[PDB]
Ligand SMILES: CC1(C)S[C@@H]2[C@H](NC(=O)Cc3ccccc3)C(=O)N2[C@H]1C(=O)O
Ligand SMILES: CC1(C)S[C@@H]2[C@H](NC(=O)Cc3ccccc3)C(=O)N2[C@H]1C(=O)O
Ligand SMILES: CC1(C)S[C@@H]2[C@H](NC(=O)Cc3ccccc3)C(=O)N2[C@H]1C(=O)O
Ligand SMILES: CC1(C)S[C@@H]2[C@H](NC(=O)Cc3ccccc3)C(=O)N2[C@H]1C(=O)O
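Residue numbers (PDB author numbering): 26 to 57, 59 to 238, 240 to 252, 254 to 290.
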């Protein structure tokens, strides 16, 4: 138990919920874990794996990202800020990837999942890049039920941090695809209250948030601290009551503890 792990435990104790953290510091490859091997519901953070899998497919199909996908009225689900504008029209796979990542559009995520052959296709890509933990079992919006003890649509902080590192800083994707993914993450619109609220302003980052039932509040990020090699940070948080409120502040607090511990 490290000093940082002790502060994370204190934060968790005061939060009432269950906190999972995984940091990889690429300056030396060291890691900091808190419940790093416990499973948590991914919710929207799973959108990174789906977009990355489509990017992988695009490496052998130069026109894939320009394929027009039909958006029908019935395709709309619970949260579709971008897709709703294109009902009875089409969106390209690039448009669907950007909407899923940067706006957390659920209809867009469902189109990425369908392009991959269903939730199992997203899981297959994860296995192909060495992630033996990740599992996607359902489409949107049910993949966000986040029921405690339910293994569906979960991963561990350790696994997600390693995967995010390989996707954004490593060679799991071709260079062009890696750059596209990083560009999309850096352009996220939903993350200012989460991990990034706990980092010094000078630091830059890309992230993908997630939210679900049980007050599930998640964020995964790739960070470029001022004058330091990048970090990869995963912060997952879930609560005992189905109707619990979101706690993005708890993710900010975890990130702050990690940053001050550097
Ligand atoms: C924008 C959101 C807050 S909502 C969207 C998706 N989750 C859901 O659609 C399900 C949900 C269930 C209960 C409470 C919030 C969201 C998901 O995850 N999303 C969040 C995000 O990207 O941070
Ligand atoms: C149903 C589809 C697979 S077809 C349309 C678009 N597909 C293409 O651009 C090439 C293609 C044509 C026929 C069958 C598969 C792929 C694309 O992607 N679309 C999918 C959709 O609308 O849901
Ligand atoms: C492409 C890779 C297989 S290589 C990189 C990392 N593996 C290593 O860094 C192995 C290594 C050990 C010591 C010195 C240099 C490289 C790791 O895992 N990475 C994968 C990735 O980037 O997606
Ligand atoms: C110091 C570096 C040359 S290495 C560090 C990071 N690169 C990686 O994390 C590559 C990698 C990906 C997956 C697994 C292992 C290594 C990255 O980018 N970093 C460079 C930097 O900050 O200048």
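For each residue, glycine too, the CB sits at the ideal point set by N, CA and C.
Asked, Found
"Near ligand 1: residue 8 beta-carbon under 7 Å from a heavy atom", "Nothing about residue 8 can be read from this structure; the chain reaches only from 26 to 290."
"Beta-ladder partner(s) of residue 254, from DSSP", "BP columns for residue 254 are empty, so no partner."
"Where residue 129 sits in the DSSP three-state scheme", "helix"
"Straight-line gap, residue 185 to residue 246 (C-alpha atoms, nearest Å)", "14 Å"
"3 or more residues per run - each beta strand (DSSP E) lying fully within the region 72-110", "94-97"
"Beta carbon shell of ligand 3 at less than 5 Å from a heavy atom", "192, 196, 197 and 198"
"Sheet register partners of residue 228 (DSSP bridge)", "Answer by DSSP bridge pairing: none, since residue 228 is not bridged."
"Residue 15 - containing alpha helix (DSSP H), residue span", "Residue 15 lies beyond the range of the chain shown here (26 to 290); nothing can be said about it."
"Near ligand 1: residue 237 beta-carbon under 7 Å from a heavy atom", "yes"
"Three-state secondary structure assigned by DSSP to residue 183", "helix"
"Rounded separation between residue 131 and residue 27 - CA only", "38 Å"
"Delimiting residues of the beta strand (DSSP E) encompassing residue 43", "43-50"
"Same chain, Cβ closer than 6 Å to residue 251, neighbours up to 5 away in sequence not counted", "230 and 258"
"Proximity of residue 220 and residue 242 at Cβ, strictly below 8 Å", "no"
"Start-to-end residues for the alpha helix (DSSP H) that takes in residue 203", "201-212"
"Within 5 Å of ligand 2: residues by beta-carbon to any heavy atom", "93, 95 and 96"
"Per-residue burial, residue 234 [other beta carbons within 10 Å of its own, 16 or more giving buried]", "buried"
"Residue burial classification, residue 202 (beta-carbon count within 10 angstroms, cutoff 16)", "exposed"
"Rounded separation between residue 48 and residue 79 - CA only", "23 Å"
"Proximal residues to residue 210 (C-beta, below 8 Å), its chain only, five neighbours per side dropped", "77, 123, 124, 127, 128 and 232"
"Beta bridge counterpart(s) of residue 195 as assigned by DSSP", "None; residue 195 has no bridge partner."
"CA-to-CA distance, residue 222 to residue 215, given in whole angstroms", "12 Å"
"Other residues of its chain near residue 198: CB distance less than 6 Å, five sequence neighbours each side excluded", "155 and 192"
"Between the CA atoms of residue 90 and residue 70 - distance to the nearest angstrom", "23 Å"
"Where residue 62 sits in the DSSP three-state scheme", "coil"
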